[PDB]
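Read the structure below first, then the notes.
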Amino acid sequence: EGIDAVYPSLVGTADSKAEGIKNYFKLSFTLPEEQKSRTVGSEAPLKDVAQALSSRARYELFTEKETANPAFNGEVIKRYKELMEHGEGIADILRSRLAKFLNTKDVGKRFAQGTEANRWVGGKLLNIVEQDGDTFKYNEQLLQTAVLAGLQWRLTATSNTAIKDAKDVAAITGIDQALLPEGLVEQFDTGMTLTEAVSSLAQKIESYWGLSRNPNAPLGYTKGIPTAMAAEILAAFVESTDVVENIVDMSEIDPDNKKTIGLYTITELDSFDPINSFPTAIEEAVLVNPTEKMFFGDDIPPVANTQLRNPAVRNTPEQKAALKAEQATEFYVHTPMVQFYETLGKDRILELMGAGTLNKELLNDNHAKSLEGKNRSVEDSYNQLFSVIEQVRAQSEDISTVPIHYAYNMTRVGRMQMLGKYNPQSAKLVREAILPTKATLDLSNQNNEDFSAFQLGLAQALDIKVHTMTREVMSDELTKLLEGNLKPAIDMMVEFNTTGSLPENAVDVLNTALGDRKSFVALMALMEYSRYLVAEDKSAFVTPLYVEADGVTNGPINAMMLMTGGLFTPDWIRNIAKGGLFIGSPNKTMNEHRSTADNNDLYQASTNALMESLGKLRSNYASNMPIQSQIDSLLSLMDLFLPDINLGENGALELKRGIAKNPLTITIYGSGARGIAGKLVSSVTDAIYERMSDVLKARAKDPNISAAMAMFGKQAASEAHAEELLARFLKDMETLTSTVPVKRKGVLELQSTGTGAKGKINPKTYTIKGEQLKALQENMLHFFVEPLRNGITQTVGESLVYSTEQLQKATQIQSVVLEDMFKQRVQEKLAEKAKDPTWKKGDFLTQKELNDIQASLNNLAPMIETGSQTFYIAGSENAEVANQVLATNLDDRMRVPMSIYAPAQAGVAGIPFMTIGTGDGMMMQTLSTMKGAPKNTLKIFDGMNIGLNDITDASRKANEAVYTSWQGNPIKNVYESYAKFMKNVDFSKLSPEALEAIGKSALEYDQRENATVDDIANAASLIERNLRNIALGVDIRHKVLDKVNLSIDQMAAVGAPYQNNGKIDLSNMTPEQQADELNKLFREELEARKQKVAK
DNA sequence: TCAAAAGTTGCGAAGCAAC
């Protein structure tokens, strides 16, 4: 009588083994102990809620609160009266759609005679209907509560959607990642797919119903009934033009595939709509514990219990203390920046910091697609920021004294991420209007220690490398700028402060003054400096300007220290000092290192190594004229359209550090050679398309110009020079796209593809795609990426790349077994339910049964524990296991497959998990919970913003967190889990397909052709012993380094290093002598451990 | 390379065939 008394008129009995029609709504949901929604028990939820939104007094009575939100004023109330009236029209559409369903093919007649039409995939919505004479009808309470959830979804769905990159789009369309056409990635980010639109809508409907799931009920009904309602509601929104549905077929570009995907977009509201100032009135009136809201003053967000997108993993007690600390920080609004934005306007913001207005006639088709993509990001963040200001402004008269709190969560890689899409952590436009930092400096004298802190904030914002020069040098360079190029822009800003108006040529003045330093933080620097000039009391200046303590190549430096074994080498000592680890130099900062000792970083060192490898490759084929010409053509082509590569008149090749930035970062994350080659070619093609646009522009100005001058005029001294460069571009393009190199027996041969690029170029429709793109990627892969990888390996060392190889092999093998066992166990269960008279194929399993299968995998160690973090590499949500439809709508459309939480193959994802989680992920967690942790800071990944009053103390603490995180042992954590897996595994019970996959990671090509199960088992145990040796070597290295004096300056902005107070002096020694001293301590530690085992 | 997942529709009432 718990749920059978609330809904007594629903069709069918509530017995799982009855004879007639059974009601699976009452067999799957139970009333909660304490109420969660205020719509349970009402008769007309659409009228009860609409009554509560008609006044301020009624809203407080319904919600049982002393005072409502101050933003709930008269204008918002009127806008909410039209929304409810619009919601009554959506309900009428749903009621009429059902009656049509029951009238076709006599579905209603058959269902009344005993046919179980409520168990079909397309008829699961018959479990919430009631009899009415000779026909059926909806249940008013359940239907109207679903419409209320639909109206709230229509207002906030867009701002909560996720971000899909090129990798995600490839998985949807099925095309290869490296050959994704132009504009396809950004097209899929405008709208939402069917799976993500229905799933997000279904979650809202279930929450508003306020019931609990039954653990012993099938997953096809506890998840299908809410989903069948979501598809019907979305169909009604399309009919009402509130949602636009678009169908895109992939056969127009790739004839091979036949996929046809549909995209949905929500019609947006006006930027001046009063409803944007308080868009969550419905949610807070229905849910006892709302989720979508904004927190002011003493409202502190709650702490989450499970990892983001990972319900099986719980946040450790140490990780929960970090979330609590970061959610207590108060954010404030900077009024002068907000007034500058609205006076400038949205159109002028796009012109300045975006692409401005676009003339599609005078642009290339591929160029114009990219330009439109960059305009959307700036416009979306502008609209989001100013909708927040409207809500903040109603709280009090002074907008700058209203505290703001934000909610965080733990990502699956161990990072702390803000919730939302456009927040201070993610959007750079919003970063300069909402700050947690503040200061009160004394700037009456220019020689004060407070003025030097003020200059450091301005210099860094204006793109000056403040961590490579001393304080006196930085001050000199800033003064040259403030009285040179930047003077006209500062003068305009001074007049704006006193008057409040801007000139008509504001964009021209800022573009001319800033130039290549243009950014959002560069505008704040001009605003703060011009505010200081006009101030009358300079001894108490209050500013929110900040200084960021960025990490110098945080990625590669972390990996080189956490995953290197064996003895010390003089090259490791030299290269590790470029990241900020100094041995034998007390109180040494990075400003002193770069100024006197070495002015190169890891990016510059790798480029120097690449040049050495390139010369070796060139001389290797000194007698191969066809090969030599192919290498020359590739380098000539990249010279024209890339600023980092230049060709001398004598053939000398000079490279800059720009080309080694992206490849070095992604090589650490385990990216293959094919990924780097695809990215490098993409940069070259983008520059080519931009050049074709200039041809169109020059032709319009003068239609009698020559082709060579219209394209290379800006880079040619005379007409003859332009003609020469045009010939090079034509010849190089046809050479690379005709013949490609193929590697076999270890040497390279030239093979003709027969698809050379010939014809006349059209500037409007010029495009490189298909077999022409693949030829370009083959030349770059075998002539530029292979030498590049050799150079990177030399700088980071061969010992580091050996640790990453074993790490990837162990995780891939373990994940393969976990996935195969999971599938093998759900098939045995489904074969037992086949003998159940009351079970129908399609209900799948229950939640209790799914937990039992997962709980049987605990002896294979699916999770890696470091003592303060937990990682689950193999977890995913795939629809392959279920392999059936969950629910459709009444029109036999919008079919949604069933997805469950099941393990999947890892691949190369093992390397990023350990490098990021135990690296900057662990360091930031330490920083928040350590003793005397800094306050009022914004902690971006591998960075931190600090107020001007405590730059010195907070920087020292930041270096101490880095030192603490450098004592971790990621290889030891993997070894402990892999040792337990090899103790309880049984290789003889694996499927033949799984055995082949294991052999691809544990055996060589010539040995895995006809391997047995004993060969695979034996080869897998050798990896276990390889991981044991690496972990022992890393452990000894950290103990030896703790005995000597060190200085840590990884965050190099300010110049405050941390000391490890060792008691062994390694000063006045060369790097060769220091390596000998450390190797002596390595052997003393090793011998002591071995004697302990013997004794 | 890490931070989620991925086609649509007739016929008949599940799952293959057509595009």
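All residue names refer to the structure tokens as shown: chains lettered A, B, ... in order, residues numbered from 1 in each chain, ligands numbered from 1 in order.
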
Which residues of chain A have any atom within 6 Å of an atom in chain B when counting only C-alpha atoms (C1' of nucleotides), and what is the closest pair of atoms for each, with the distance in Å to one decimal? Order the rows by chain and rising number and write it as a tab-separated table.
```
residue	atom	partner	partner_atom	distance
A:172	CA	B:6	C1'	4.6
A:259	CA	B:7	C1'	4.8
A:260	CA	B:7	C1'	4.6
A:261	CA	B:7	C1'	4.9
A:666	CA	B:1	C1'	5.7
A:669	CA	B:1	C1'	4.9
A:670	CA	B:1	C1'	5.2
A:671	CA	B:1	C1'	4.0
A:912	CA	B:2	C1'	5.5
```

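Nearest-residue note for residue 844 in chain A: choosing from A:182, A:1061, A:144, A:219, the minimum distance belongs to A:219, counting only C-alpha atoms.
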
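Between residue 233 in chain A and the residues A:343, A:707, A:282, A:87, the shortest atom-to-atom distance, using only C-alpha atoms, involves A:87.
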
DSSP alpha helix (DSSP H) residues within range 28-133 of chain A, listed as a PDB file with N, CA, C and O atoms, in the first residue's frame:
```pdb
ATOM      1  N   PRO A  45      -0.174  19.345 -11.051  1.00  0.00           N
ATOM      2  CA  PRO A  45       1.113  20.008 -10.789  1.00  0.00           C
ATOM      3  C   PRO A  45       1.361  21.231 -11.654  1.00  0.00           C
ATOM      4  O   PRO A  45       2.041  22.161 -11.209  1.00  0.00           O
ATOM      5  N   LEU A  46       0.840  21.259 -12.880  1.00  0.00           N
ATOM      6  CA  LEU A  46       1.037  22.424 -13.732  1.00  0.00           C
ATOM      7  C   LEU A  46       0.285  23.644 -13.224  1.00  0.00           C
ATOM      8  O   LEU A  46       0.665  24.770 -13.553  1.00  0.00           O
ATOM      9  N   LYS A  47      -0.770  23.448 -12.436  1.00  0.00           N
ATOM     10  CA  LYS A  47      -1.540  24.548 -11.868  1.00  0.00           C
ATOM     11  C   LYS A  47      -1.082  24.928 -10.467  1.00  0.00           C
ATOM     12  O   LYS A  47      -1.096  26.111 -10.118  1.00  0.00           O
ATOM     13  N   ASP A  48      -0.680  23.950  -9.654  1.00  0.00           N
ATOM     14  CA  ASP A  48      -0.179  24.253  -8.319  1.00  0.00           C
ATOM     15  C   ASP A  48       1.122  25.042  -8.379  1.00  0.00           C
ATOM     16  O   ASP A  48       1.307  26.000  -7.621  1.00  0.00           O
ATOM     17  N   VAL A  49       2.036  24.650  -9.265  1.00  0.00           N
ATOM     18  CA  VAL A  49       3.303  25.364  -9.387  1.00  0.00           C
ATOM     19  C   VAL A  49       3.086  26.735 -10.011  1.00  0.00           C
ATOM     20  O   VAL A  49       3.665  27.732  -9.566  1.00  0.00           O
ATOM     21  N   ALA A  50       2.247  26.811 -11.046  1.00  0.00           N
ATOM     22  CA  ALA A  50       1.979  28.096 -11.685  1.00  0.00           C
ATOM     23  C   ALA A  50       1.345  29.082 -10.718  1.00  0.00           C
ATOM     24  O   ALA A  50       1.554  30.292 -10.843  1.00  0.00           O
ATOM     25  N   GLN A  51       0.557  28.591  -9.762  1.00  0.00           N
ATOM     26  CA  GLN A  51       0.013  29.468  -8.731  1.00  0.00           C
ATOM     27  C   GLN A  51       1.117  30.022  -7.840  1.00  0.00           C
ATOM     28  O   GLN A  51       1.091  31.202  -7.474  1.00  0.00           O
ATOM     29  N   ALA A  52       2.096  29.188  -7.484  1.00  0.00           N
ATOM     30  CA  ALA A  52       3.170  29.618  -6.597  1.00  0.00           C
ATOM     31  C   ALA A  52       4.100  30.631  -7.246  1.00  0.00           C
ATOM     32  O   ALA A  52       4.794  31.360  -6.533  1.00  0.00           O
ATOM     33  N   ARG A  56       5.414  36.981  -4.911  1.00  0.00           N
ATOM     34  CA  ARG A  56       6.541  36.736  -4.019  1.00  0.00           C
ATOM     35  C   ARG A  56       6.099  36.045  -2.737  1.00  0.00           C
ATOM     36  O   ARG A  56       6.802  35.166  -2.229  1.00  0.00           O
ATOM     37  N   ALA A  57       4.943  36.434  -2.197  1.00  0.00           N
ATOM     38  CA  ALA A  57       4.466  35.833  -0.956  1.00  0.00           C
ATOM     39  C   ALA A  57       4.112  34.366  -1.149  1.00  0.00           C
ATOM     40  O   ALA A  57       4.385  33.536  -0.275  1.00  0.00           O
ATOM     41  N   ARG A  58       3.496  34.029  -2.283  1.00  0.00           N
ATOM     42  CA  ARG A  58       3.121  32.645  -2.541  1.00  0.00           C
ATOM     43  C   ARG A  58       4.338  31.764  -2.787  1.00  0.00           C
ATOM     44  O   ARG A  58       4.331  30.587  -2.415  1.00  0.00           O
ATOM     45  N   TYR A  59       5.383  32.311  -3.411  1.00  0.00           N
ATOM     46  CA  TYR A  59       6.597  31.538  -3.647  1.00  0.00           C
ATOM     47  C   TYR A  59       7.253  31.122  -2.337  1.00  0.00           C
ATOM     48  O   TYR A  59       7.751  29.998  -2.215  1.00  0.00           O
ATOM     49  N   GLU A  60       7.274  32.019  -1.350  1.00  0.00           N
ATOM     50  CA  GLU A  60       7.867  31.685  -0.059  1.00  0.00           C
ATOM     51  C   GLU A  60       7.026  30.663   0.693  1.00  0.00           C
ATOM     52  O   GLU A  60       7.568  29.790   1.379  1.00  0.00           O
ATOM     53  N   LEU A  61       5.701  30.761   0.590  1.00  0.00           N
ATOM     54  CA  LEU A  61       4.830  29.803   1.265  1.00  0.00           C
ATOM     55  C   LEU A  61       5.003  28.401   0.694  1.00  0.00           C
ATOM     56  O   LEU A  61       5.114  27.423   1.443  1.00  0.00           O
ATOM     57  N   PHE A  62       5.026  28.284  -0.635  1.00  0.00           N
ATOM     58  CA  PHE A  62       5.199  26.983  -1.274  1.00  0.00           C
ATOM     59  C   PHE A  62       6.554  26.377  -0.932  1.00  0.00           C
ATOM     60  O   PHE A  62       6.654  25.180  -0.644  1.00  0.00           O
ATOM     61  N   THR A  63       7.605  27.191  -0.953  1.00  0.00           N
ATOM     62  CA  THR A  63       8.967  26.737  -0.713  1.00  0.00           C
ATOM     63  C   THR A  63       9.311  26.639   0.769  1.00  0.00           C
ATOM     64  O   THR A  63      10.305  25.992   1.118  1.00  0.00           O
ATOM     65  N   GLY A  74       8.921  41.957 -10.400  1.00  0.00           N
ATOM     66  CA  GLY A  74       7.712  41.997 -11.209  1.00  0.00           C
ATOM     67  C   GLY A  74       7.936  41.605 -12.658  1.00  0.00           C
ATOM     68  O   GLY A  74       7.092  40.942 -13.265  1.00  0.00           O
ATOM     69  N   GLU A  75       9.062  42.022 -13.238  1.00  0.00           N
ATOM     70  CA  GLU A  75       9.328  41.718 -14.642  1.00  0.00           C
ATOM     71  C   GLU A  75       9.509  40.222 -14.867  1.00  0.00           C
ATOM     72  O   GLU A  75       9.029  39.680 -15.869  1.00  0.00           O
ATOM     73  N   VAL A  76      10.211  39.542 -13.959  1.00  0.00           N
ATOM     74  CA  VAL A  76      10.415  38.105 -14.102  1.00  0.00           C
ATOM     75  C   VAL A  76       9.110  37.346 -13.900  1.00  0.00           C
ATOM     76  O   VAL A  76       8.882  36.313 -14.540  1.00  0.00           O
ATOM     77  N   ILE A  77       8.244  37.830 -13.011  1.00  0.00           N
ATOM     78  CA  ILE A  77       6.973  37.156 -12.760  1.00  0.00           C
ATOM     79  C   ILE A  77       6.114  37.145 -14.019  1.00  0.00           C
ATOM     80  O   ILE A  77       5.488  36.133 -14.352  1.00  0.00           O
ATOM     81  N   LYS A  78       6.070  38.268 -14.736  1.00  0.00           N
ATOM     82  CA  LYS A  78       5.278  38.336 -15.960  1.00  0.00           C
ATOM     83  C   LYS A  78       5.805  37.377 -17.020  1.00  0.00           C
ATOM     84  O   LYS A  78       5.024  36.748 -17.740  1.00  0.00           O
ATOM     85  N   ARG A  79       7.129  37.261 -17.139  1.00  0.00           N
ATOM     86  CA  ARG A  79       7.703  36.355 -18.127  1.00  0.00           C
ATOM     87  C   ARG A  79       7.424  34.899 -17.785  1.00  0.00           C
ATOM     88  O   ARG A  79       7.393  34.050 -18.682  1.00  0.00           O
ATOM     89  N   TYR A  80       7.234  34.586 -16.504  1.00  0.00           N
ATOM     90  CA  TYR A  80       6.916  33.223 -16.104  1.00  0.00           C
ATOM     91  C   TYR A  80       5.437  32.898 -16.237  1.00  0.00           C
ATOM     92  O   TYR A  80       5.072  31.722 -16.164  1.00  0.00           O
ATOM     93  N   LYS A  81       4.580  33.901 -16.425  1.00  0.00           N
ATOM     94  CA  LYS A  81       3.173  33.622 -16.684  1.00  0.00           C
ATOM     95  C   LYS A  81       2.958  33.118 -18.103  1.00  0.00           C
ATOM     96  O   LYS A  81       2.083  32.277 -18.334  1.00  0.00           O
ATOM     97  N   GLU A  82       3.739  33.616 -19.061  1.00  0.00           N
ATOM     98  CA  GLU A  82       3.628  33.146 -20.436  1.00  0.00           C
ATOM     99  C   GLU A  82       4.251  31.772 -20.624  1.00  0.00           C
ATOM    100  O   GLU A  82       3.834  31.027 -21.517  1.00  0.00           O
ATOM    101  N   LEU A  83       5.249  31.423 -19.811  1.00  0.00           N
ATOM    102  CA  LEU A  83       5.882  30.115 -19.941  1.00  0.00           C
ATOM    103  C   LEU A  83       4.941  28.997 -19.511  1.00  0.00           C
ATOM    104  O   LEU A  83       4.875  27.950 -20.163  1.00  0.00           O
ATOM    105  N   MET A  84       4.215  29.193 -18.408  1.00  0.00           N
ATOM    106  CA  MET A  84       3.245  28.191 -17.977  1.00  0.00           C
ATOM    107  C   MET A  84       2.115  28.047 -18.986  1.00  0.00           C
ATOM    108  O   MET A  84       1.661  26.932 -19.262  1.00  0.00           O
ATOM    109  N   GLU A  85       1.642  29.163 -19.544  1.00  0.00           N
ATOM    110  CA  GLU A  85       0.603  29.093 -20.564  1.00  0.00           C
ATOM    111  C   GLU A  85       1.106  28.379 -21.809  1.00  0.00           C
ATOM    112  O   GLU A  85       0.346  27.677 -22.484  1.00  0.00           O
ATOM    113  N   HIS A  86       2.386  28.556 -22.137  1.00  0.00           N
ATOM    114  CA  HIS A  86       2.979  27.796 -23.229  1.00  0.00           C
ATOM    115  C   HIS A  86       3.110  26.322 -22.875  1.00  0.00           C
ATOM    116  O   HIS A  86       3.007  25.463 -23.756  1.00  0.00           O
ATOM    117  N   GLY A  87       3.337  26.013 -21.597  1.00  0.00           N
ATOM    118  CA  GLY A  87       3.461  24.626 -21.189  1.00  0.00           C
ATOM    119  C   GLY A  87       2.162  23.854 -21.279  1.00  0.00           C
ATOM    120  O   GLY A  87       2.176  22.635 -21.461  1.00  0.00           O
ATOM    121  N   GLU A  88       1.027  24.542 -21.152  1.00  0.00           N
ATOM    122  CA  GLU A  88      -0.258  23.872 -21.303  1.00  0.00           C
ATOM    123  C   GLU A  88      -0.529  23.473 -22.744  1.00  0.00           C
ATOM    124  O   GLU A  88      -1.318  22.553 -22.981  1.00  0.00           O
ATOM    125  N   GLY A  89       0.094  24.150 -23.710  1.00  0.00           N
ATOM    126  CA  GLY A  89      -0.038  23.742 -25.096  1.00  0.00           C
ATOM    127  C   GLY A  89       0.799  22.536 -25.446  1.00  0.00           C
ATOM    128  O   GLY A  89       0.429  21.762 -26.333  1.00  0.00           O
ATOM    129  N   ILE A  90       1.934  22.355 -24.769  1.00  0.00           N
ATOM    130  CA  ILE A  90       2.740  21.158 -24.978  1.00  0.00           C
ATOM    131  C   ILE A  90       2.015  19.932 -24.444  1.00  0.00           C
ATOM    132  O   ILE A  90       2.079  18.849 -25.035  1.00  0.00           O
ATOM    133  N   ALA A  91       1.316  20.079 -23.318  1.00  0.00           N
ATOM    134  CA  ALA A  91       0.571  18.960 -22.756  1.00  0.00           C
ATOM    135  C   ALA A  91      -0.551  18.521 -23.686  1.00  0.00           C
ATOM    136  O   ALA A  91      -0.848  17.327 -23.790  1.00  0.00           O
ATOM    137  N   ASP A  92      -1.193  19.474 -24.364  1.00  0.00           N
ATOM    138  CA  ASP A  92      -2.265  19.126 -25.288  1.00  0.00           C
ATOM    139  C   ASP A  92      -1.744  18.360 -26.495  1.00  0.00           C
ATOM    140  O   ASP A  92      -2.442  17.487 -27.019  1.00  0.00           O
ATOM    141  N   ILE A  93      -0.535  18.680 -26.958  1.00  0.00           N
ATOM    142  CA  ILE A  93       0.054  17.937 -28.067  1.00  0.00           C
ATOM    143  C   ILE A  93       0.299  16.490 -27.665  1.00  0.00           C
ATOM    144  O   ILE A  93       0.019  15.560 -28.429  1.00  0.00           O
ATOM    145  N   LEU A  94       0.821  16.278 -26.455  1.00  0.00           N
ATOM    146  CA  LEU A  94       1.108  14.924 -25.993  1.00  0.00           C
ATOM    147  C   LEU A  94      -0.166  14.102 -25.856  1.00  0.00           C
ATOM    148  O   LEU A  94      -0.181  12.910 -26.178  1.00  0.00           O
ATOM    149  N   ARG A  95      -1.242  14.720 -25.368  1.00  0.00           N
ATOM    150  CA  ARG A  95      -2.496  13.995 -25.195  1.00  0.00           C
ATOM    151  C   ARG A  95      -3.074  13.558 -26.534  1.00  0.00           C
ATOM    152  O   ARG A  95      -3.629  12.460 -26.646  1.00  0.00           O
ATOM    153  N   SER A  96      -2.966  14.407 -27.555  1.00  0.00           N
ATOM    154  CA  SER A  96      -3.493  14.066 -28.871  1.00  0.00           C
ATOM    155  C   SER A  96      -2.616  13.060 -29.601  1.00  0.00           C
ATOM    156  O   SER A  96      -3.121  12.296 -30.430  1.00  0.00           O
ATOM    157  N   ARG A  97      -1.311  13.052 -29.326  1.00  0.00           N
ATOM    158  CA  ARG A  97      -0.427  12.090 -29.973  1.00  0.00           C
ATOM    159  C   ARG A  97      -0.709  10.672 -29.497  1.00  0.00           C
ATOM    160  O   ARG A  97      -0.618   9.721 -30.281  1.00  0.00           O
ATOM    161  N   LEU A  98      -1.039  10.505 -28.216  1.00  0.00           N
ATOM    162  CA  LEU A  98      -1.337   9.174 -27.700  1.00  0.00           C
ATOM    163  C   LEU A  98      -2.591   8.596 -28.341  1.00  0.00           C
ATOM    164  O   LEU A  98      -2.622   7.413 -28.695  1.00  0.00           O
ATOM    165  N   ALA A  99      -3.632   9.413 -28.502  1.00  0.00           N
ATOM    166  CA  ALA A  99      -4.881   8.911 -29.062  1.00  0.00           C
ATOM    167  C   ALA A  99      -4.701   8.429 -30.493  1.00  0.00           C
ATOM    168  O   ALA A  99      -5.387   7.498 -30.925  1.00  0.00           O
ATOM    169  N   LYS A 100      -3.795   9.054 -31.245  1.00  0.00           N
ATOM    170  CA  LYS A 100      -3.506   8.583 -32.595  1.00  0.00           C
ATOM    171  C   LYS A 100      -2.780   7.246 -32.566  1.00  0.00           C
ATOM    172  O   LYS A 100      -2.996   6.397 -33.438  1.00  0.00           O
ATOM    173  N   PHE A 101      -1.909   7.043 -31.575  1.00  0.00           N
ATOM    174  CA  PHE A 101      -1.181   5.783 -31.467  1.00  0.00           C
ATOM    175  C   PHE A 101      -2.126   4.617 -31.221  1.00  0.00           C
ATOM    176  O   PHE A 101      -1.965   3.543 -31.813  1.00  0.00           O
ATOM    177  N   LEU A 102      -3.117   4.804 -30.352  1.00  0.00           N
ATOM    178  CA  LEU A 102      -4.046   3.736 -30.017  1.00  0.00           C
ATOM    179  C   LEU A 102      -5.074   3.470 -31.108  1.00  0.00           C
ATOM    180  O   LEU A 102      -5.787   2.466 -31.027  1.00  0.00           O
ATOM    181  N   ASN A 103      -5.173   4.332 -32.117  1.00  0.00           N
ATOM    182  CA  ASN A 103      -6.174   4.168 -33.163  1.00  0.00           C
ATOM    183  C   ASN A 103      -5.645   3.479 -34.411  1.00  0.00           C
ATOM    184  O   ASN A 103      -6.448   2.987 -35.209  1.00  0.00           O
ATOM    185  N   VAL A 107      -4.238  -1.006 -31.965  1.00  0.00           N
ATOM    186  CA  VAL A 107      -3.408  -1.256 -30.791  1.00  0.00           C
ATOM    187  C   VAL A 107      -4.240  -1.162 -29.520  1.00  0.00           C
ATOM    188  O   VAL A 107      -4.104  -1.987 -28.609  1.00  0.00           O
ATOM    189  N   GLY A 108      -5.113  -0.158 -29.434  1.00  0.00           N
ATOM    190  CA  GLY A 108      -5.935  -0.007 -28.245  1.00  0.00           C
ATOM    191  C   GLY A 108      -6.935  -1.133 -28.072  1.00  0.00           C
ATOM    192  O   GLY A 108      -7.218  -1.555 -26.948  1.00  0.00           O
ATOM    193  N   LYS A 109      -7.498  -1.621 -29.178  1.00  0.00           N
ATOM    194  CA  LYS A 109      -8.439  -2.733 -29.097  1.00  0.00           C
ATOM    195  C   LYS A 109      -7.752  -4.008 -28.625  1.00  0.00           C
ATOM    196  O   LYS A 109      -8.312  -4.759 -27.819  1.00  0.00           O
ATOM    197  N   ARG A 110      -6.542  -4.271 -29.122  1.00  0.00           N
ATOM    198  CA  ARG A 110      -5.824  -5.481 -28.734  1.00  0.00           C
ATOM    199  C   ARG A 110      -5.336  -5.403 -27.293  1.00  0.00           C
ATOM    200  O   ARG A 110      -5.378  -6.399 -26.564  1.00  0.00           O
ATOM    201  N   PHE A 111      -4.865  -4.230 -26.867  1.00  0.00           N
ATOM    202  CA  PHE A 111      -4.365  -4.082 -25.504  1.00  0.00           C
ATOM    203  C   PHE A 111      -5.468  -4.276 -24.474  1.00  0.00           C
ATOM    204  O   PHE A 111      -5.192  -4.698 -23.347  1.00  0.00           O
TER     205      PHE A 111
END
```

| said: I want to know what sits within 9 Å of range 782-793 of chain A, based on only C-alpha atoms (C1' of nucleotides), with residues of the same chain fewer than 6 positions away left out; could you give that as a VMD selection string? | reply: chain A and resid 605 to 614 616 to 617 631 634 660 663 to 664 667 673 to 674 676 to 677 741 to 743 748 800 to 801

| task | Determine, counting only C-alpha atoms (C1' of nucleotides), which protein, DNA and RNA residues have an atom within 12 Å of an atom of residue 234 in chain A; residues of the same chain fewer than 6 positions away are not included. Present the result as a VMD selection string. | result | chain A and resid 90 93 to 94 146 to 147 149 to 151 153 to 154 194 to 195 197 to 202 227 to 228 240 to 245 264 to 266 888 to 890 893 to 894

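Taking only C-alpha atoms (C1' of nucleotides), the non-local environment of residue 220 in chain A within 10 Å (same-chain residues fewer than 3 positions away omitted) comprises residues 119, 121, 124, 217, 223, 224, 225, 841, 842, 843, 844, 845, 846, 885, 886, 887 and 898 of chain A.
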
For N, CA and C atoms, I'd like the residues from the last selection saved as a compact mmCIF listing (two decimals), in the first residue's frame.
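The resulting file, selection_31.txt, is reproduced below:
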```
# COMPACT_ATOMS: atom_id res chain seq x y z
N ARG A 119 4.86 -4.29 -22.97
CA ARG A 119 6.20 -4.85 -22.92
C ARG A 119 6.96 -4.69 -24.23
N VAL A 121 9.01 -2.59 -27.20
CA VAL A 121 9.97 -1.50 -27.12
C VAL A 121 9.30 -0.17 -27.38
N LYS A 124 6.24 1.03 -24.13
CA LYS A 124 6.52 1.04 -22.70
C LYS A 124 5.81 2.17 -21.97
N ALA A 217 14.46 -5.00 -9.85
CA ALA A 217 13.65 -4.83 -11.05
C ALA A 217 14.54 -4.73 -12.28
N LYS A 223 14.92 2.01 -16.39
CA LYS A 223 15.56 2.98 -17.26
C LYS A 223 14.78 3.26 -18.53
N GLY A 224 13.83 2.40 -18.89
CA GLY A 224 13.10 2.55 -20.13
C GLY A 224 11.87 3.43 -20.02
N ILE A 225 11.16 3.34 -18.89
CA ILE A 225 9.96 4.14 -18.69
C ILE A 225 10.30 5.63 -18.65
N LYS A 841 12.75 -11.58 -23.30
CA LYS A 841 14.00 -11.10 -23.88
C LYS A 841 13.91 -9.62 -24.19
N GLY A 842 14.67 -8.81 -23.47
CA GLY A 842 14.61 -7.37 -23.65
C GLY A 842 14.63 -6.63 -22.33
N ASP A 843 14.28 -7.33 -21.25
CA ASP A 843 14.35 -6.73 -19.92
C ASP A 843 15.78 -6.61 -19.42
N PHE A 844 16.70 -7.38 -19.99
CA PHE A 844 18.11 -7.42 -19.58
C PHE A 844 18.17 -7.86 -18.11
N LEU A 845 19.20 -7.43 -17.38
CA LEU A 845 19.41 -7.85 -16.01
C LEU A 845 18.96 -6.75 -15.05
N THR A 846 19.05 -7.03 -13.76
CA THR A 846 18.73 -6.08 -12.71
C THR A 846 20.00 -5.40 -12.21
N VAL A 885 17.74 -2.23 -28.35
CA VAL A 885 17.10 -0.92 -28.23
C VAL A 885 16.46 -0.80 -26.86
N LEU A 886 16.59 0.38 -26.25
CA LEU A 886 15.99 0.64 -24.95
C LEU A 886 14.54 1.10 -25.08
N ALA A 887 14.30 2.19 -25.80
CA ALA A 887 12.95 2.72 -25.96
C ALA A 887 12.92 3.68 -27.14
N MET A 898 20.62 0.74 -25.51
CA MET A 898 20.90 0.63 -24.09
C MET A 898 22.41 0.63 -23.85
```
